[PDB]
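Okay, so here's the structure we're looking at.
2 protein chains.
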Amino acid sequence: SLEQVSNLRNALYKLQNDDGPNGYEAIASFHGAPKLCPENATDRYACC
Amino acid sequence: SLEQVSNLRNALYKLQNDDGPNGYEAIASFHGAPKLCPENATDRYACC
């Protein structure tokens, strides 16, 4: 319904806006890009 | 928030759209072109 759909909409928008250590980009970078795997290596791969 | 985003977007949309005596474009032209200040003068200058 409207209440839950709007809460989800607001939550999505604010998590997208957030640029913290647990932001959307920080939490999604583990899967596809930009290859932050492993930690402190010359050549990096995917943690996928 | 997303609802606040919508509210501000609507407000700025009508502000840009209308051209009343409080016209946003007219009041913003002061800081630069089209050389409004001063009145009744052949040569003007930037109001800022």
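Chain order of the listed sequences is A and J.
All residue numbers for the first sequence refer to the entry's author numbering, where the first residue is 2930 and numbers rise by one.
All residue numbers for the second sequence refer to the entry's author numbering, where the first residue is 2930 and numbers rise by one.
Don't be surprised by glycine CBs; every beta carbon is placed ideally from N, CA and C.
Residue i (DSSP reduced to helix, strand or coil)
i, result
"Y2974 of chain A", "strand"
Test item: CB-CB of residue i and residue j under 8 Å
i, j, result
"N2939 of chain A", "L2931 of chain J", "yes"
"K2964 of chain A", "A2975 of chain A", "yes"
Residue i Cβ short of 7 Å to the ligand GDP heavy atom set
i, result
"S2935 of chain J", "As presented, the structure is devoid of all ligands, the ligand GDP included, so that no description of it is given."
Distance between residue j and residue i (C-alpha atoms, nearest Å)
i, j, result
"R2973 of chain A", "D2947 of chain A", "26 Å"
"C2966 of chain A", "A2955 of chain A", "13 Å"
"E2968 of chain A", "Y2953 of chain A", "20 Å"
"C2977 of chain A", "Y2942 of chain A", "26 Å"
"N2951 of chain J", "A2962 of chain A", "48 Å"
DSSP beta-bridge partners of residue i
i, result
"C2966 of chain A", "A:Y2974"
is_contact[residue i, chain B] using C-beta, thresh 8 Å
i, result
"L2937 of chain J", "Annotation note: the requested chain B is absent from the structure, which comprises protein chains A and J."
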